[PDB]
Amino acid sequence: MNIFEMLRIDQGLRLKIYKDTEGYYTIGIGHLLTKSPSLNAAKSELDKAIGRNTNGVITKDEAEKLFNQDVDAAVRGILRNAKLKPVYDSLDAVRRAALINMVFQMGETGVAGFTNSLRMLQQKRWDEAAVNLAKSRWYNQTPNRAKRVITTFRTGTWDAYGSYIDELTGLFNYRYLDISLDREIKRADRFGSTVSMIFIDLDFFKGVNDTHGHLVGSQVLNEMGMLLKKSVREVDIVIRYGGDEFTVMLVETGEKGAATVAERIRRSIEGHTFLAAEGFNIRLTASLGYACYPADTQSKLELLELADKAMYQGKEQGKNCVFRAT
């Protein structure tokens, strides 16, 4: 965990322009391009910011450079702010990340208005700072993010963000499904775009544990996570759940893209030899099901239900297959 991954959890990563909660054109890890209603003005600013003719689309490397520029500007502003500089200078690196996080969300002036919280932070009175931080419009507006940021100030650890990471595979875990889904569905609702969910369940995975032992099976799941990430884009969200069950949430594409990605995943699993560098010859297939929002449903919960039912239909009809919700 680090400040990039922390803000990616809180703000997502997007490689095409989207609209934030106020309707403002944004890209990357929460980089506001403009408040202008003009998409053209947003694209002209994006080209200046990246230093390329982007037509509204950037690479992950570009988004992370833009993010680092935004962190540097937040720190330089903190250091020029008489109320924030002494607190920042006094904090350790993790708690500085929490302060920067607040500046990303609400701006420097907003953070500087946390008079009593800042006092307690400068005095290392962590529990009192956490109580004071929650007495704010910020906490009420975004309580889940504020609780994470507050826990980071209270503890000085990354644990509130690490609890979204699956230890075995390094993928996101089931706790991230709520956050990521709610966020990309809302962004799609504002923008008129599509979100698709793909459920993937390995076929006969118990047979790997039976033949090679559970430690080998766990390494197969780790390699499966790597293969899924290689098969999708950096804006797509890959989660493990549980056991040999994974989800992929597709962002920034449509129904045709969902079909293409699900078929690519199925084919890539079927063609892959697992643990080959360790001398194994493990072969697997998977059953996949997917559904698209808003085409197939206008309920996020139903979207999950339909993709899972489509996957199970594949399981019942021979496995090694992809079904879209009917």
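Note that residue numbering begins at 1 and tracks the sequence as displayed.
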* **Stretch exceeding the other in mean C-alpha B-factor - 120 to 128, 138 to 146** => 120 to 128
* **Mean temperature factor over C-alpha atoms, higher-scoring stretch between 82 to 90 and 216 to 224** => 82 to 90
* Structure fact -> In this crystal structure's PDB entry, the residue among 159, 72, 184, 244 with the greatest CA B factor is 159
* Maximum C-alpha temperature factor, selected from 285, 36, 53, 26 -> 53
* Asked: Compared with the other modelled residues in the chain, in which third is the CA B-factor of residue 256?
  -> highest
* Structure fact -> Tertile call for residue 11 (CA temperature factor, within chain, third-based) is the lowest
* To do: Among all modelled residues of this chain, ranked by Cα B factor, put residue 22 in the bottom, middle or top third, i.e. lowest, middle or highest.
  => middle
* Structure fact -> Binned into thirds over the chain's modelled residues, the C-alpha B-factor of residue 229 lands in the middle
* To do: Give the position of residue 194 by CA B-factor within its chain, expressed as the lowest, middle or highest third.
  => middle
